[PDB]
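Report on one structure; see the data block that follows.
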Amino acid sequence: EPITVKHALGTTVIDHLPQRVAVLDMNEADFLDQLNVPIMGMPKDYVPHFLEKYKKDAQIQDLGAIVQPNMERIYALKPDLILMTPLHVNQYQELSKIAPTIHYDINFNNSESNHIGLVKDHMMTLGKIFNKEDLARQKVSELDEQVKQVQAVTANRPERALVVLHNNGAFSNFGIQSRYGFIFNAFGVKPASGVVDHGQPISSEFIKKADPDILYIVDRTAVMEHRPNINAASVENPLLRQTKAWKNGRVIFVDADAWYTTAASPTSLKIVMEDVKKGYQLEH
Ligand SMILES: C[C@@H]1ON(CCc2c[nH]cn2)C(=O)[C@H]1NC(=O)c1cccc(O)c1O
Ligand SMILES: C[C@@H]1ON(CCc2c[nH]cn2)C(=O)[C@H]1NC(=O)c1cccc(O)c1O
Ligand SMILES: [Fe+3]
């Protein structure tokens with residue numbers, strides 16, 4: 001019963017159970033970890049904390065950088081399956097030369113529609129390929145329950161939120177049509193701005209007209225420069241500090257590994273939803 005995967009970049013047929021798997025980003029690595037599927041190679045420049053055991057495991061080949069893994073190292077690893085994503089589209093043809101190559105059908109650029117369904121679909125596809133259908137279906141059920149939990153928290157709440165990305169002292173807003181669109185669409189968070197605009201840098205005019213009751217701050221610099229996450233005392237930005245969210249203590253410094261490095265896999269979405277719920281939590 002060979003599986004045929006018709007994805008965004010072509011069609012991949014898998015006739016045998018793959019045994020030497022290369023994953024090209026950390027979302028994919030989280031899927032296979034969650035399915036208890038061994039990984040033969042992955043990039044290791046930005047391994048999230050919840051995949052820490054993989055950075056240290058010398059039996060897992062380091063393929064280099066997430067954004068552009070080392071094609072020479074991949075070819076040498078002789079994988080029998082490569083998992084890649086929209087980040088690697090420019091390498092798909094070259095990867096498919098080396099091994100059957102699956103593309104994760106997901107939209108990292110604009111997640112406003114069906115983000116959760118696309119994550120679930122991928123999980124079920126991987127469960128079929130690796131003969132882990134029952135465990136795949138369980139993880140899908142868990143994701144569904146988690147989504148119901150955050151939707152129960154956001155339901156009928158009046159608060160409106162911004163998702164803002166910190167980068168080297170600069171802050172930019174990510175709205176309903178951005179990479180964080182799914183926060184609004186999937187989980188029922190109400191956006192503090194609706195106007196469609198890298199993100200929109202925080203200006204005085206913007207924050208005046210889109211003054212959030214809740215603020216989720218994604219610290220990109222903590223990930224990229226491997227530095228600790230900023231906290232309330234790091235924030236110099238006066239526009240952010242005069243918002244209702246800041247005054248009322250509804251500022252969540254999110255788990256940047258789950259929100260920035262991944263954001264499209266079972267462990268990461270679980271964490272994202274816990275962070276979202278903290279934004280609504282009025283008491284300890
Ligand atoms: C349209 C851009 O092009 N690509 C392909 C090349 C790339 C960018 N970042 C990692 N690989 C994106 O993934 C898109 N990236 C973003 O929109 C983006 C937004 C906020 C922070 C980032 O690091 C982004 O890449
Ligand atoms: C740590 C990040 O993890 N992943 C997945 C999340 C992501 C970031 N940008 C697009 N997708 C990366 O592509 C890694 N990004 C970068 O190394 C990066 C470098 C220069 C400019 C960018 O926009 C980058 O994302
Ligand atoms: Fe990027």
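Going by the structure tokens order, chains are called A, B, ..., each with residues numbered from 1, while ligands are numbered from 1 in the order shown.
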Ligand 3 neighbours within 9 Å using only C-alpha atoms and all ligand atoms, as number ranges by chain: A: 67, 87, 198, 260
Expected selection as an NGL selection string for ligand 2 within 10 Å, only C-alpha atoms and all ligand atoms: :A and (24-27 or 44-48 or 65-68 or 85-88 or 108-109 or 179 or 198 or 220-226 or 256-264)
Polymer residues at most 7 Å from residue 201 of chain A, only C-alpha atoms, same-chain spacing of 2 or more positions, as a PyMOL selection string: chain A and resi 171-173+199+203
Minimum-distance residue to residue 190 of chain A, chosen among A:255, A:15, A:133, A:159 (using only C-alpha atoms):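 Residue with the minimum atom-to-atom distance to residue 190 of chain A: A:159.
Proximity to ligand 1 was assessed for A:187, A:54, A:253, A:180 counting only C-alpha atoms and all ligand atoms; the smallest distance is recorded for A:180.
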Counting only C-alpha atoms, the residue of A:105, A:134, A:72, A:33 that sits nearest residue 117 of chain A: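 Nearest to residue 117 of chain A: A:105.
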DSSP-assigned strand (DSSP E) among segment 119-235 of chain A, expressed as number ranges by chain: A: 160-167, 170-174, 190-191, 200-201, 214-219
Alpha helix (DSSP H) per DSSP on the backbone: members of segment 45-267 of chain A, as a PyMOL selection string: chain A and resi 52-56+71-77+92-98+115-129+133-154+181-187+204-209+220-224+238-241+244-248+256+266-267
Non-local contacts of residue 7 of chain A (12 Å; only C-alpha atoms; under 6 positions in same chain excluded) as a list in words: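 Non-adjacent residues within range: residues 13, 83, 84, 85, 86, 92, 101, 102, 103, 104, 105, 106, 118, 121, 122 and 125 of chain A.
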All residues 12 Å or closer to residue 217 of chain A, only C-alpha atoms, same chain fewer than 5 positions away omitted, as a ChimeraX atom specification: /A:161-167,170-174,180,222,229-232,234-235,240,245-246,250-256,259-260,272,275-276,279
Dump N, CA and C atoms for the selected residues as a compact mmCIF listing (two decimals), in the first residue's frame?
```txt
# COMPACT_ATOMS: atom_id res chain seq x y z
N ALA A 161 -6.27 42.41 21.05
CA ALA A 161 -4.83 42.21 21.23
C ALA A 161 -4.01 42.65 20.04
N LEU A 162 -2.74 42.96 20.32
CA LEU A 162 -1.72 43.04 19.30
C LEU A 162 -0.72 41.91 19.53
N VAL A 163 -0.21 41.36 18.43
CA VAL A 163 1.00 40.54 18.42
C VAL A 163 2.15 41.37 17.84
N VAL A 164 3.19 41.60 18.62
CA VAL A 164 4.29 42.44 18.18
C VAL A 164 5.59 41.64 18.29
N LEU A 165 6.47 41.84 17.31
CA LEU A 165 7.76 41.17 17.22
C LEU A 165 8.85 42.14 17.64
N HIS A 166 9.68 41.70 18.57
CA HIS A 166 10.84 42.49 18.97
C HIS A 166 12.04 42.06 18.16
N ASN A 167 12.77 43.03 17.61
CA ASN A 167 14.01 42.75 16.91
C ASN A 167 14.98 43.89 17.17
N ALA A 170 13.68 47.28 18.07
CA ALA A 170 12.58 47.73 17.25
C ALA A 170 11.39 46.78 17.44
N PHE A 171 10.19 47.33 17.34
CA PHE A 171 8.95 46.56 17.48
C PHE A 171 8.07 46.76 16.25
N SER A 172 7.51 45.66 15.73
CA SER A 172 6.61 45.76 14.59
C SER A 172 5.38 44.89 14.84
N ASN A 173 4.23 45.37 14.36
CA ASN A 173 2.95 44.70 14.57
C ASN A 173 2.70 43.64 13.50
N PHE A 174 2.19 42.50 13.91
CA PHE A 174 1.78 41.43 13.00
C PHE A 174 0.29 41.20 13.13
N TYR A 180 1.23 35.61 12.05
CA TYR A 180 0.48 35.36 13.27
C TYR A 180 -1.03 35.57 13.08
N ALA A 222 16.07 37.14 20.96
CA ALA A 222 16.43 36.05 21.85
C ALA A 222 16.78 34.78 21.07
N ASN A 229 15.39 36.07 26.77
CA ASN A 229 14.21 36.81 26.36
C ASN A 229 14.10 38.12 27.13
N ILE A 230 13.75 39.20 26.42
CA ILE A 230 13.49 40.44 27.11
C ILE A 230 12.33 40.23 28.08
N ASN A 231 12.28 41.08 29.10
CA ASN A 231 11.19 41.11 30.08
C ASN A 231 10.73 42.56 30.20
N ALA A 232 9.75 42.80 31.10
CA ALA A 232 9.20 44.15 31.23
C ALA A 232 10.29 45.21 31.43
N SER A 234 13.23 45.25 30.25
CA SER A 234 14.01 45.52 29.05
C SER A 234 13.37 46.58 28.15
N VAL A 235 12.07 46.81 28.30
CA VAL A 235 11.33 47.53 27.28
C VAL A 235 11.50 49.02 27.56
N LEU A 240 4.82 51.32 23.55
CA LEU A 240 4.29 50.10 24.14
C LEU A 240 3.93 50.32 25.60
N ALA A 245 -2.71 47.55 27.74
CA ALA A 245 -2.15 46.25 28.11
C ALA A 245 -1.03 46.43 29.13
N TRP A 246 -0.14 47.39 28.87
CA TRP A 246 0.99 47.61 29.76
C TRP A 246 0.52 48.07 31.12
N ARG A 250 -1.22 43.18 31.18
CA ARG A 250 -1.63 42.12 30.26
C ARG A 250 -0.63 42.05 29.11
N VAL A 251 0.65 41.94 29.44
CA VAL A 251 1.74 41.85 28.48
C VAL A 251 2.36 40.48 28.67
N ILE A 252 2.35 39.68 27.62
CA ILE A 252 2.89 38.32 27.67
C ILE A 252 4.13 38.26 26.81
N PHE A 253 5.27 37.97 27.44
CA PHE A 253 6.53 37.72 26.76
C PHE A 253 6.54 36.24 26.39
N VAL A 254 6.23 35.96 25.13
CA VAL A 254 5.87 34.59 24.76
C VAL A 254 7.10 33.73 24.63
N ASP A 255 6.89 32.41 24.50
CA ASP A 255 7.97 31.45 24.23
C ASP A 255 8.34 31.57 22.76
N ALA A 256 9.44 32.28 22.49
CA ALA A 256 9.88 32.62 21.13
C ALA A 256 10.28 31.37 20.35
N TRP A 259 6.86 30.29 19.20
CA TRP A 259 6.14 31.27 18.39
C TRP A 259 6.88 31.68 17.13
N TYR A 260 8.21 31.68 17.16
CA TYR A 260 9.00 32.17 16.04
C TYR A 260 9.73 31.06 15.29
N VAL A 272 2.03 27.74 22.25
CA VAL A 272 1.43 28.99 21.80
C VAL A 272 0.07 29.20 22.47
N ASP A 275 0.32 30.22 25.99
CA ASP A 275 0.70 31.63 26.08
C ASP A 275 -0.52 32.51 25.80
N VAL A 276 -1.28 32.18 24.75
CA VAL A 276 -2.47 32.95 24.44
C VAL A 276 -3.39 33.01 25.66
N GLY A 279 -2.67 35.53 28.36
CA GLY A 279 -3.09 36.89 28.08
C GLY A 279 -4.47 37.22 28.63
```
Top pick for closest residue to ligand 1, considering A:269, A:236, A:218, A:145 and counting only C-alpha atoms and all ligand atoms: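 The closest residue to ligand 1 is A:218.
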Using only C-alpha atoms and all ligand atoms: which of A:58, A:202, A:116, A:89 has the shortest distance to ligand 1: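 Of A:58, A:202, A:116, A:89, the one nearest ligand 1, counting only C-alpha atoms and all ligand atoms, is A:89.
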Contacts of residue 14 of chain A at 9 Å (only C-alpha atoms; same-chain gap of 3+ positions) as a VMD selection string: chain A and resid 2 to 5 17 to 18 81 100 129
Residues within 10 Å of residue 41 of chain A, only C-alpha atoms, excluding chain neighbours under 3 positions, as an NGL selection string: :A and (20-24 or 29 or 38 or 44 or 54 or 58-64 or 73-74 or 77 or 79 or 82)
